[PDB]
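*Asks:* Can you read through this structure? Questions will come right after.
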Amino acid sequence: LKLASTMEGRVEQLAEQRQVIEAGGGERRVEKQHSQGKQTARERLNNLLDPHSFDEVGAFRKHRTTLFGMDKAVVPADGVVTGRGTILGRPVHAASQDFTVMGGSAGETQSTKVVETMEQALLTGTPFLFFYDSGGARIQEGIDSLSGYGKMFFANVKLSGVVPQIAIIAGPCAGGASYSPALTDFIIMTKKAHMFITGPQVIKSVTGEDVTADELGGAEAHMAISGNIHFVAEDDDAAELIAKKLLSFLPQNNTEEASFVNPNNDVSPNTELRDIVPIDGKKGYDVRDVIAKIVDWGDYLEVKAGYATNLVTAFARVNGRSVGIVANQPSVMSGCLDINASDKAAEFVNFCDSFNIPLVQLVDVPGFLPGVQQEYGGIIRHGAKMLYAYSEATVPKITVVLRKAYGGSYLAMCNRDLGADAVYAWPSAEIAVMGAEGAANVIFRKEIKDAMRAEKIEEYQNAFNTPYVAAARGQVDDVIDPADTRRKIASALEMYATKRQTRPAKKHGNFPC
Amino acid sequence: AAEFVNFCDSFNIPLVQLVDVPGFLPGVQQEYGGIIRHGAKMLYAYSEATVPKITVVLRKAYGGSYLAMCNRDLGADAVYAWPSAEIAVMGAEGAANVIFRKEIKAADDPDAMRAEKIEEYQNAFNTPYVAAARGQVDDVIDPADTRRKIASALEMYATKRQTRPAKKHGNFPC
Amino acid sequence: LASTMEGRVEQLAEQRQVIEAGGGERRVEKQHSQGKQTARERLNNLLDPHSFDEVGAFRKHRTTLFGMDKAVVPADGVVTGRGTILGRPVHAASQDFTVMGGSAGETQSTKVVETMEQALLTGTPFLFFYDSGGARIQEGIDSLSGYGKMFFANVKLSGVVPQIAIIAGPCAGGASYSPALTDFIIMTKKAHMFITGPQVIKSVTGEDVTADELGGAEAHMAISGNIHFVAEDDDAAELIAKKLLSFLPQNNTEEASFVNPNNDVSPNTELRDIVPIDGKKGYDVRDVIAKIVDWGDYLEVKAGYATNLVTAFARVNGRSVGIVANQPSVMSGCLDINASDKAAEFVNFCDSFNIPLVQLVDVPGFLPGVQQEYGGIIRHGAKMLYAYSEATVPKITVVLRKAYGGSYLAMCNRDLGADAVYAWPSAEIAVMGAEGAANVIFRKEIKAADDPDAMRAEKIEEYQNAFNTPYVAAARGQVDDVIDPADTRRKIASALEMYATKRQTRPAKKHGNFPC
Ligand SMILES: C[C@@H](C(=O)O)C(=O)SCCNC(=O)CCNC(=O)[C@H](O)C(C)(C)COP(=O)(O)OP(=O)(O)OC[C@H]1O[C@@H](n2cnc3c(N)ncnc32)[C@H](O)[C@@H]1OP(=O)(O)O
Ligand SMILES: C[C@@H](C(=O)O)C(=O)SCCNC(=O)CCNC(=O)[C@H](O)C(C)(C)COP(=O)(O)OP(=O)(O)OC[C@H]1O[C@@H](n2cnc3c(N)ncnc32)[C@H](O)[C@@H]1OP(=O)(O)O
């Protein structure tokens with residue numbers, strides 16, 4: 001456009017123009033977005049960031065593509081709103097795709113704005129949050145749009161383990177675009193959002209299978225089946241609340257430990273812990289009741305709550321300090337570890353280590369889930385991920401053995417040989433290489449040739465599988481009264497808050513795939 | 001400028017630029033005095049600097065003199081344009097006479113063609129909106145908000161950590 | 001696209017040939033008629049035969065305004081890639097003047113920067129042939145931004161990998177700052193460089209000057225102090241570029257590979273007769289240099305600028321060394337503003353690339369003159385003291401004759417870190433001339449003498465013998481030994497050998513504050 005004649009007029013022209021840009025795709029498209037139960041790109045940033053803290057970069061930034069109508073197309077902010085702000089006074093950088101603008105298709109300039117914003121986040125050591133709502137790379141831009149995605153993925157990896165990256169899918173996310181969220185640390189999906197590498201149209205044409213976007217890549221599908229996301233949100237409002245709650249446990253970057261939040265310094269006994277875990281190995285329970293009674297105010301944000309529920313991973317705090325809790329869930333699949341739970345735990349453990357969050361595990365595992373599909377699905381390589389993650393982790397590692405701790409599944413839950421700094425055994429702790437029955441059936445195979453098994457099983461069980469034997473060997477530091485758990489963990493965390501562990505020089509180890 | 005920039009960089013003092021420069025000073029003695037190697041000191045100092053660099057373009061910002069005042073390409077962390085900002089490779093008139101020379105000389109009304117092309121060039125490149133369109137500025141601002149924009153930029157970049165290639169030192173122009 | 005792979009391969013060859021043709025036969029003929037090689041002939045002549053591996057021959061501008069949407073601009077006007085020079089990997093760029101006057105398109109500048117980033121990433125030298133009318137006007141702020149990225153890149157590479165600029169045509173405007181940011185500029189006699197052209201100058205100041213007068217190679221060398229070598233033509237510039245490169249390492253983590261070592265360090269008694277005992281008589285310090293460096297070979301830098309001071313690359317036993325020597329045959333060997341810049345730049349460069357510095361001293365002080373003071377000799381002279389004080393490579397100094405006050409310190413004595421300092425028997429290290437000294441401390445004593453003339457001479461002689469002989473300098477430890485001039489080569493060679501394992505560090509800092 002042509003500039004006005006005076007400075008007052010130009011300031012007015014500027015306000016007018018900015019108003020246009022901010023209207024995105026227009027009132028109708030905006031009403032449509034709203035009718036679908038979705039907030040706009042700007043509304044989401046306004047609700048997420050502290051009031052008036054949004055400092056936008058690139059409102060007037062425009063695409064430079066000219067092919068297939070782009071030369072005449074008006075595309076506000078090239079479809080993405082980027083900038084910095086604060087969440088609870090903490091500086092952050094964020095991006096938000098505007099679906100009302102060419103379906104939020106990722107223009108080349110749009111991805112460039114996102115990468116620049118990510119670089120600023122890295123440069124200043126601040127978290128990065130991105131609201132996705134897009135039809136994928138902008139088709140009219142061909143390889144220019146494709147290149148933008150390549151730059152984005154490289155950036156997600158560059159920031160990985162340096163500054164927290166949170167993705168929020170609040171609408172479509174069609175195609176490889178989805179690899180960006182996968183490369184961030186946490187994905188939050190609303191119930192209006194969708195995500196997939198290959199869409200229903202292509203899948204039907206190619207495989208003959210006709211499914212809906214919701215069955216294929218809706219939030220529930222990704223959470224329970226795919227194992228791709230960490231939180232499901234009812235709508236944008238709840239996703240924003242989740243994003244904030246999540247961020248409160250995380251430091252600004254990898255050079256700091258998260259700031260303590262509303263500490264409960266009380267660590268007196270709580271006999272209620274003695275009853276949650278049945279002395280009868282045949283009876284289960286919800287391990288989260290144990291957690292609730294150990295963490296400050298019983299508060300915890302469970303990660304991947306609806307995935308591989310046989311294992312629980314959740315952020316919580318002890319004396320105001322962020323910690324990551326990894327716990328076997330006996331009330332589900334007997335608390336067995338399996339392919340999916342190995343992945344769920346490993347990712348969590350790795351993330352906590354990258355950001356200096358101590359790890360607390362509550363152990364009650366009978367072993368890995370038996371089954372042909374588990375072997376066929378690579379339980380060997382997926383299970384190795386837990387052993388690797390814990391063995392590589394240098395943050396404080398505190399382990400409490402609640403009940404069963406059998407063979408490899410017990411090592412996977414981080415015992416002292418895997419670098420646990422403190423290990424405690426409850427009086428119902430049953431640490432063994434294998435159940436006494438199957439063990440007896442092996443080492444006494446001959447001498448039993450009947451009912452002779454009874455004495456042998458018993459004898460084996462008493463020689464090794466008792467809390468006192470584990471303690472006798474030094475595998476646990478002490479056998480404790482379950483009511484003192486919170487206090488022992490708290491004291492351990494306090495002492496190891498200054499832990500400085502050395503690791504051999506390497507670009508990186510070989511993390512199992 | 002260069003000495004001040006190097007000093008501030010050495011002692012972690014952010015650098016704020018206010019730009020209104022039409023170019024370097026024309027003159028035989030400026031050339032004979034080595035404006036090439038002296039002017040290069042500004043480009044050198046800013047490009048090497050790692051402290052926060054914030055630039056506000058008030059009006060004229062032409063060619064190499066604009067780059068010498070630290071634009072995004074020399075590492076400015078935040079750049080703002082007033083509505084009077086005129087970031088340009090060169091003045092619309094000077095440009096026109098070079099690239100439209102032929103079309104002007106052959107036009108039925110040369111003067112009208114020249115004014116037409118100059119207008120075209122000016123609006124196509126030299127307005128705050130095109131600079132913002134290309135991403136050369138973070139935003140076009142109401143001059144009245146200058147202090148706030150500079151203050152927030154300084155605050156967000158207070159944690160800037162920028163590294164440089166390993167070297168004993170670069171070859172600063174003499 | 002042809003139907004068969006073979007057909008597509010032939011199509012590729014034809015398409016590539018069109019790009020290599022650049023601006024077409026007429027423009028190529030015009031280039032040649034002006035006595036200039038083309039962009040591709042330049043790379044072909046510089047690089048080892050057939051070693052050029054080109055990147056982006058088919059790269060195209062993305063700009064569309066003012067005719068660009070339809071313009072066919074081959075390689076966007078710059079040929080870029082990697083090759084080798086005497087087997088050493090290098091990266092290079094060559095501007096094509098036959099394509100839109102070699103104007104710097106946004107994509108052209110991007111190609112250049114990418115090439116520079118590759119040289120940094122792989123740690124190899126970067127050479128660039130400039131031949132351009134400046135930023136491509138049709139692209140406005142897009143081409144302007146390209147220059148911003150290029151300048152920032154030149155600085156990023158500064159002191160990491162050697163950067164050599166060859167101006168072989170026009171270099172109009174700010175484009176000129178890239179060459180300024182590289183380490184060495186070689187300019188041919190067909191080139192012209194300037195920030196503001198003759199026309200704009202006249203229209204603004206009324207001054208009348210030709211392009212050749214304002215920015216031809218001779219003006220830049222002798223007046224402006226902007227360039228390092230003047231070349232007759234492209235062939236000579238190419239030879240100079242290779243000769244220059246032969247003294248440099250690939251990057252700052254290495255010392256330059258030795259070349260054709262002459263391990264003989266026999267004396268040479270003729271060295272005793274080059275420097276006159278009569279201090280009022282001069283000589284060409286290069287005669288001394290020729291007698292002490294391998295095969296008498298040396299490549300003088302800025303040979304035609306501030307000739308009162310000589311800076312040159314040479315070798316001792318095969319090792320590259322940078323020599324800094326006062327030239328008593330010009331301005332009595334006085335240091336001045338211009339010589340201070342010339343010396344400091346050379347010292348700073350050698351230090352960044354692990355090249356030892358050898359000083360040959362015969363200086364009576366800085367040039368007296370109101371304009372030297374008004375021109376800032378204080379801040380310019382300080383550059384020499386700063387460059388040598390900061391340098392950590394071996395520093396070897398031989399005091400040939402005069403070594404007066406601050407100018408002596410500027411030539412690197414032990415106090416500024418010289419690792420070995422030798423004095424010839426003619427060495428005259430002094431805080432100031434005995435005559436001026438006496439005249440200050442013995443004024444009244446000379447006054448009240450009824451024959452101050454014989455008194456002056458006495459006090460002057462007394463001062464001279466008390467401080468200004470090489471034996472007193474040696475008595476104080478300011479020099480390691482007083483030596484026979486004939487042994488200069490062996491003494492320098494021996495010192496270089498012992499300090500070849502010198503490991504010296506500086507206080508932690510982003511950088512010091514180099515004088516402007
Ligand atoms: C690399 C890569 C890959 O994944 O590997 C790529 O990204 S290939 C990527 C290919 N991308 C895609 O195949 C996905 C295609 N489009 C969709 O599935 C859908 O649009 C959807 C699920 C996002 C939305 O459906 P919807 O019905 O809500 O809506 P609409 O049809 O109205 O569309 C929103 C408007 O945005 C446009 N639109 C949507 N996606 C794109 C895109 N990728 N490029 C260009 N324009 C796009 C539509 O043409 C439409 O235009 P108007 O108002 O004018 O009608
Ligand atoms: C940032 C900045 C700055 O300095 O600060 C910019 O770079 S402003 C930069 C402004 N740059 C310039 O004003 C200088 C340009 N013009 C010249 O002084 C001269 O062209 C010259 C010394 C390079 C060439 O002299 P010459 O007679 O050999 O030749 P010619 O006139 O034929 O030119 C070569 C052809 O290249 C074109 N040409 C030359 N320079 C440019 C340029 N910067 N942008 C676009 N086209 C250009 C000419 O218009 C001409 O076009 P055709 O065949 O169509 O006639």
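So you can find residues: chains in the structure tokens are A, B, ... in the order shown, residues in each start at 1, and ligands are numbered from 1 in order.
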Can you tell me, as a PyMOL selection string, what residues are no more than 9 Å from residue 156 in chain C when counting only C-alpha atoms, ignoring any on the same chain fewer than 3 positions away?
*Replies:* (chain B and resi 47-48+164-165+170) or (chain C and resi 117+120+151-153+159-160)
*Asks:* Would you kindly report the residues of chain C within 7 Å of chain B, using only C-alpha atoms, as a ChimeraX atom specification?
*Replies:* /C:137-138,140-141,144-145,148-149,151-152,155-156,158-160,174,176-177,180-181,194-196,201,204-205,214,223-226,252,341,345,348-349,352,510-511,513,516
*Asks:* With only C-alpha atoms and all ligand atoms as the atoms that count, which of C:103, C:340, C:124, C:262 lies nearest to ligand 2?
*Replies:*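 Residue with the minimum atom-to-atom distance to ligand 2: C:103.
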*Asks:* Write out as number ranges by chain all residues of range 271-402 of chain A that DSSP puts in alpha helix (DSSP H) for this structure's backbone.
*Replies:* A: 273-276, 287-292, 339-354, 372-376, 379-392
*Asks:* Mind listing as a list in words which residues of chain A are within 12 Å of chain C, counting only C-alpha atoms?
*Replies:*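 Contact residues on the first chain: residues 64, 65, 66, 67, 71 and 144 of chain A.
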*Asks:* Could you tell me which residues of chain B sit within 7 Å of chain A when counting only C-alpha atoms, and give me the result as a ChimeraX atom specification?
*Replies:* /B:83,123,129,132-135,138-139,142,156-157,159-162
*Asks:* Residues within 6 Å of ligand 1 (only C-alpha atoms and all ligand atoms), as a PDB file with N, CA and C atoms, in the first residue's frame?
*Replies:*
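Output below, filename selection23.pdb:
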```pdb
ATOM      1  N   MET A 102      -6.068 -20.141   4.780  1.00  0.00           N
ATOM      2  CA  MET A 102      -5.711 -21.233   3.872  1.00  0.00           C
ATOM      3  C   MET A 102      -5.638 -22.554   4.615  1.00  0.00           C
ATOM      4  N   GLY A 103      -6.614 -22.762   5.489  1.00  0.00           N
ATOM      5  CA  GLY A 103      -6.682 -23.983   6.267  1.00  0.00           C
ATOM      6  C   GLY A 103      -5.459 -24.200   7.125  1.00  0.00           C
ATOM      7  N   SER A 105      -2.605 -24.121   6.238  1.00  0.00           N
ATOM      8  CA  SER A 105      -1.570 -24.813   5.469  1.00  0.00           C
ATOM      9  C   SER A 105      -0.217 -24.164   5.760  1.00  0.00           C
ATOM     10  N   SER A 134      -3.662 -27.334  11.291  1.00  0.00           N
ATOM     11  CA  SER A 134      -3.273 -27.158   9.904  1.00  0.00           C
ATOM     12  C   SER A 134      -3.595 -28.296   8.950  1.00  0.00           C
ATOM     13  N   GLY A 135      -3.708 -27.945   7.670  1.00  0.00           N
ATOM     14  CA  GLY A 135      -3.968 -28.929   6.637  1.00  0.00           C
ATOM     15  C   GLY A 135      -2.654 -29.495   6.107  1.00  0.00           C
ATOM     16  N   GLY A 136      -1.551 -29.139   6.763  1.00  0.00           N
ATOM     17  CA  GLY A 136      -0.249 -29.630   6.338  1.00  0.00           C
ATOM     18  C   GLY A 136       0.481 -28.650   5.440  1.00  0.00           C
ATOM     19  N   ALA A 137       1.603 -29.072   4.865  1.00  0.00           N
ATOM     20  CA  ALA A 137       2.376 -28.192   3.990  1.00  0.00           C
ATOM     21  C   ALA A 137       1.488 -27.631   2.879  1.00  0.00           C
ATOM     22  N   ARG A 138       1.603 -26.329   2.622  1.00  0.00           N
ATOM     23  CA  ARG A 138       0.811 -25.650   1.593  1.00  0.00           C
ATOM     24  C   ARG A 138       1.132 -26.167   0.186  1.00  0.00           C
ATOM     25  N   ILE A 139       0.177 -26.886  -0.390  1.00  0.00           N
ATOM     26  CA  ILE A 139       0.339 -27.498  -1.693  1.00  0.00           C
ATOM     27  C   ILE A 139       0.707 -26.592  -2.860  1.00  0.00           C
ATOM     28  N   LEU A 146       7.727 -27.871   1.382  1.00  0.00           N
ATOM     29  CA  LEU A 146       8.363 -29.090   1.861  1.00  0.00           C
ATOM     30  C   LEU A 146       9.655 -28.738   2.598  1.00  0.00           C
ATOM     31  N   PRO A 172      -7.008 -29.943  12.887  1.00  0.00           N
ATOM     32  CA  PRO A 172      -6.341 -30.912  12.010  1.00  0.00           C
ATOM     33  C   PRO A 172      -4.802 -30.772  12.106  1.00  0.00           C
ATOM     34  N   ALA A 174      -2.638 -32.678   9.370  1.00  0.00           N
ATOM     35  CA  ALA A 174      -2.586 -33.627   8.266  1.00  0.00           C
ATOM     36  C   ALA A 174      -1.256 -33.863   7.553  1.00  0.00           C
ATOM     37  N   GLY A 175      -0.730 -35.071   7.710  1.00  0.00           N
ATOM     38  CA  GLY A 175       0.508 -35.438   7.059  1.00  0.00           C
ATOM     39  C   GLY A 175       1.745 -35.412   7.939  1.00  0.00           C
ATOM     40  N   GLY A 176       2.900 -35.409   7.283  1.00  0.00           N
ATOM     41  CA  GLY A 176       4.162 -35.394   8.000  1.00  0.00           C
ATOM     42  C   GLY A 176       4.309 -34.233   8.961  1.00  0.00           C
ATOM     43  N   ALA A 177       3.440 -33.230   8.821  1.00  0.00           N
ATOM     44  CA  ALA A 177       3.461 -32.066   9.698  1.00  0.00           C
ATOM     45  C   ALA A 177       3.531 -32.610  11.108  1.00  0.00           C
TER      46      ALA A 177
END
```
*Asks:* Which residue is closest to ligand 2? Choose from B:20, B:97, B:13, B:82 and count only C-alpha atoms and all ligand atoms.
*Replies:*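 Going through B:20, B:97, B:13, B:82 one by one, the smallest distance to ligand 2 is for B:97.
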*Asks:* May I have the residues within 6 Å of range 288-302 of chain A as a list in words, using only C-alpha atoms and disregarding those fewer than 5 positions away in the same chain?
*Replies:*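 Selected residues are residues 264, 313, 314, 315, 316, 317, 318 and 486 of chain A.
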*Asks:* For the atom pair CA of residue 90 in chain C and CA of residue 136 in chain C, what is the interatomic distance in Å to one decimal place?
*Replies:*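 Straight-line distance from CA of residue 90 in chain C to CA of residue 136 in chain C works out to 27.4 Å.
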*Asks:* Measuring between only C-alpha atoms, which one of B:57, B:118, B:16, B:104 shows the shortest distance to residue 81 in chain B?
*Replies:*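 Smallest separation from residue 81 in chain B among the options: B:57.
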*Asks:* So which residues touch residue 238 in chain C within 9 Å, counting only C-alpha atoms, skipping near sequence neighbours fewer than 5 positions away, as an mmCIF file with N, CA, C and O atoms, in the first residue's frame?
*Replies:*
```
data_model
loop_
_atom_site.group_PDB
_atom_site.id
_atom_site.type_symbol
_atom_site.label_atom_id
_atom_site.label_comp_id
_atom_site.auth_asym_id
_atom_site.auth_seq_id
_atom_site.Cartn_x
_atom_site.Cartn_y
_atom_site.Cartn_z
ATOM 1 N N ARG C 42 38.528 -17.781 -14.791
ATOM 2 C CA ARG C 42 39.250 -17.424 -13.576
ATOM 3 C C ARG C 42 39.349 -18.605 -12.608
ATOM 4 O O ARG C 42 40.424 -18.904 -12.091
ATOM 5 N N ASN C 45 41.584 -21.253 -14.068
ATOM 6 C CA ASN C 45 43.013 -20.960 -14.018
ATOM 7 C C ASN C 45 43.577 -21.000 -12.610
ATOM 8 O O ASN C 45 44.738 -21.367 -12.413
ATOM 9 N N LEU C 46 42.756 -20.627 -11.634
ATOM 10 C CA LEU C 46 43.194 -20.617 -10.241
ATOM 11 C C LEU C 46 43.341 -22.011 -9.659
ATOM 12 O O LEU C 46 44.360 -22.340 -9.057
ATOM 13 N N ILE C 166 39.883 -11.148 -4.832
ATOM 14 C CA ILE C 166 40.540 -10.695 -6.042
ATOM 15 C C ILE C 166 39.520 -9.820 -6.768
ATOM 16 O O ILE C 166 38.474 -10.305 -7.197
ATOM 17 N N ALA C 231 47.903 -6.291 -9.281
ATOM 18 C CA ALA C 231 48.227 -7.263 -10.314
ATOM 19 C C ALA C 231 48.009 -6.637 -11.680
ATOM 20 O O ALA C 231 47.051 -5.895 -11.879
ATOM 21 N N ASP C 233 47.158 -8.105 -14.536
ATOM 22 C CA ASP C 233 45.933 -8.664 -15.107
ATOM 23 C C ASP C 233 45.496 -9.907 -14.342
ATOM 24 O O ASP C 233 46.104 -10.270 -13.338
ATOM 25 N N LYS C 243 50.690 -17.870 -4.758
ATOM 26 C CA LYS C 243 51.922 -17.592 -4.032
ATOM 27 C C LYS C 243 51.594 -17.189 -2.585
ATOM 28 O O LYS C 243 52.243 -17.630 -1.635
#
```
